[PDB]
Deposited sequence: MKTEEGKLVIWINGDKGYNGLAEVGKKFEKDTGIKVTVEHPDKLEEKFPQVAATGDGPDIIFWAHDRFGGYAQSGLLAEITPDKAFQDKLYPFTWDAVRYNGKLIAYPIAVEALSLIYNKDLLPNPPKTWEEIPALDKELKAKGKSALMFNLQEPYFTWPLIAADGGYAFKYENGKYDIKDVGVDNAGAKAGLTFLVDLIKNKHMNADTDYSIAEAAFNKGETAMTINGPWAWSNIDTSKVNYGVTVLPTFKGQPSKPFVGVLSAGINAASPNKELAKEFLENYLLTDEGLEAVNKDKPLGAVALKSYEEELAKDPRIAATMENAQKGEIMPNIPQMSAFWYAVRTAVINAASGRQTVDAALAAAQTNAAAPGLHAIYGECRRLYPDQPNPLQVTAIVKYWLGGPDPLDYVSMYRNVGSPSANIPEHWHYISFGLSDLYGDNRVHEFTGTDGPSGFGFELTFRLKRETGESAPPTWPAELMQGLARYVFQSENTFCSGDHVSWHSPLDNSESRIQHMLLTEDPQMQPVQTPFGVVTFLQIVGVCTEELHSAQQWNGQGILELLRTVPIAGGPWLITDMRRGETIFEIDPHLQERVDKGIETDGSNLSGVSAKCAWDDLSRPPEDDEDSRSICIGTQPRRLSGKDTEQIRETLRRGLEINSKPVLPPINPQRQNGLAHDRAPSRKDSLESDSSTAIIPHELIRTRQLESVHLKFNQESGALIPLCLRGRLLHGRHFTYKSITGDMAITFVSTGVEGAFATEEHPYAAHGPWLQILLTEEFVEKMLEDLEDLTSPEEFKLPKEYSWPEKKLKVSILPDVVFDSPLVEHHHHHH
């Protein structure tokens, strides 16, 4: 046996297609499920990896070339007698690198739908509409309303003056030659932004807002595909479907899309899928059942096409399809669509000028490394297609100071069941290789790290009454990114960073940072390398010191067990006023134990100290070490945490040039022999302590405020005193 699961976008006929699925189950006994998940075009390549996905997937052909290259689609194998049933150009739309990768279903193209009662003669040009809108606003109506959230609906205007996505030149598509940035495209988008300034259209208008407006008669026009006609029938609005308005004398060029059905390559039911598609859905009866639910446009099945051809609504669809351009199916299409999805929104909402919104989409459409990261982000935040975002306006590769080209700011609602608070999630762009053209980072192929190999992320606890994420952390990430770039020393999970300043420039006690693998962002494959995601975690100086004395990983584990200091997701709360050792005093024990068993990472310190006798190599037999109180409290960590693990530890002087290097029995390099344990080169003193003597010395050192204290022995002496160093 086997099941058959189908995905089809919500605006299409999923109920008519379900009827066809019923007839299949009747005649065959195989159950056909139909689902219309949100953002199915993005979710497919996500869950086709785990094969948790549909046996069949429906969408415009432009997406498929991208699926096919990722090996997510099985090649379809119709015989000649079936191929003759559909038009040759619709098989063209589903052909990628020589193979048929999906069955074509229907041809879609945007048309101008107008309310005959409100507007008997629809305007032949775009420029007519501002005028036409004043007349309609007088009697309380509007002239035009259509989806401005999706570039698919505003692209006909942008392309009217000849703006394009990729150029069909010399037999192929030129992937770097994108045309969203030329005069024609700016002329089209400038005109769209104008309409919104003069309040003929509103930037907030999405699909369901426009559809409701037109179907209640509140607006005289709209732009939409054959699928929308069904609901205008139910509204009983007296409407007609016609050619789109011209712009500057040239026609609107809508991207024509062929609704196609592909078969999952991980489907165990490729044969059942071939039967359902070839001998049920693709016939006069099957296509009819889907057309009745929501019109398909001009179907690819020659027979049922000639039957509907009379329908003037179809005639107007193909008239606009002729003036438009058929969408390419190359993998780079999704990139292009996203680049423009943003450009149009930013340019319309006022976030950005038309001239720079399109100049942005130009570099970002071409740019593979950027795309991949956005793809993960969109995997985490499906319902935030346009996040507040900081952009470096003077790019880092034109001499600019700030190396992060972008920093995106998402809203993470957290988890109420697992005690993870609502917070802001920042992701950076530019530490990895975004463009792969040797502009910022050396191109090192698909094998190895992409640029530095990671991007920063940050999770900031949401303060109360905060409508939007603050922007100060984007500044911080610019600071860290500069730190990495200039030094060329990369970071790993567990590393620490001394910042010595409250991260937000308020008095916050959080003044440092540990780094750790972001708990949600998953490493990505890029055509320029691999990109993992490091997350910054704010910490107090007390905690930064623990991480230096013990380890980064160990302290990170602790921040996870104290919810108000990070929790499982290590969220930074900038209003935290207590260290984790003051919240849970019994944690200090865990660290000390962690040091006794793992050992200290601290190889030395710059502190107030000196030594005295009681270039050459002076061999001595009586030594008097002098420390500050602060650096004297270190001595037990030096003994227990390093000399016992067979490691050296060095105190540098900083008031001079003296130094004291404690050396265990049996470490290479070092000139105290233990025939004569106290040798000096210099101001450079090395003193070797046997395990026996270290263990007893630790008993004798118990750190109260008495000074100067002094400890003595048969070997040696050790003072801790106060001002002498600074004087």
| item | value |
| --- | --- |
| Chain regions without C-alpha coordinates, deposited sequence numbering | 1 to 4, 619 to 700, 790 to 794, 819 to 831 |
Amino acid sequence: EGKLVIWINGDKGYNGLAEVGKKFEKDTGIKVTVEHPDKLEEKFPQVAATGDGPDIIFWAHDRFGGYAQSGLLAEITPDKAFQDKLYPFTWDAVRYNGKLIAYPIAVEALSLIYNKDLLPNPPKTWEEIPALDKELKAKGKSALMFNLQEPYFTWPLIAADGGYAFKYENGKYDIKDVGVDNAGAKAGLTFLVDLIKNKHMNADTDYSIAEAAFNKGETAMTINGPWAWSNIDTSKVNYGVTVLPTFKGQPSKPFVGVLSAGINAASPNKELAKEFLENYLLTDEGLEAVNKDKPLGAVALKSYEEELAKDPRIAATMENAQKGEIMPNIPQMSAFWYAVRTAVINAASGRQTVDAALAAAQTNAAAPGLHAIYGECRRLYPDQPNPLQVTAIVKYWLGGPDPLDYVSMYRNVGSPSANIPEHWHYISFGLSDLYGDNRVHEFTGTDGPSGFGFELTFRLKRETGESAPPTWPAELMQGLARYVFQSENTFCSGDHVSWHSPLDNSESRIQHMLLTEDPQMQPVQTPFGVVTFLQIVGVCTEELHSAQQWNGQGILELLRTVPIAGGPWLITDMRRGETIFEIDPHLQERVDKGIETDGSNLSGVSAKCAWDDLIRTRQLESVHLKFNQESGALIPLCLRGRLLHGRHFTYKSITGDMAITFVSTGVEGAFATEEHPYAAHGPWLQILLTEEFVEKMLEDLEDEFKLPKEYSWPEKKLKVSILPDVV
From here on, numbers count along this sequence of modelled residues.
query	finding
510 to 518 versus 281 to 289 - which carries the larger mean C-alpha B factor in the record	281 to 289
Average Cα temperature factor in the PDB entry - higher stretch of 427 to 435, 78 to 86	78 to 86
Residue with maximal Cα B-factor (values as given in the PDB entry) among 599, 156, 382, 469	599
Top Cα B factor in the deposited entry, candidates 478, 224, 450, 653	653
Chain-wide C-alpha B factor ranking for residue 459, given as lowest, middle or highest third	lowest
Entry-reported Cα temperature factor of residue 65, expressed as the chain third it lands in	lowest
Chain-relative CA temperature factor third for residue 57	middle
Ranked C-alpha temperature factor of residue 247 among modelled chain residues, by third	middle
Residue 719 - Cα temperature factor, lowest/middle/highest third of chain	middle
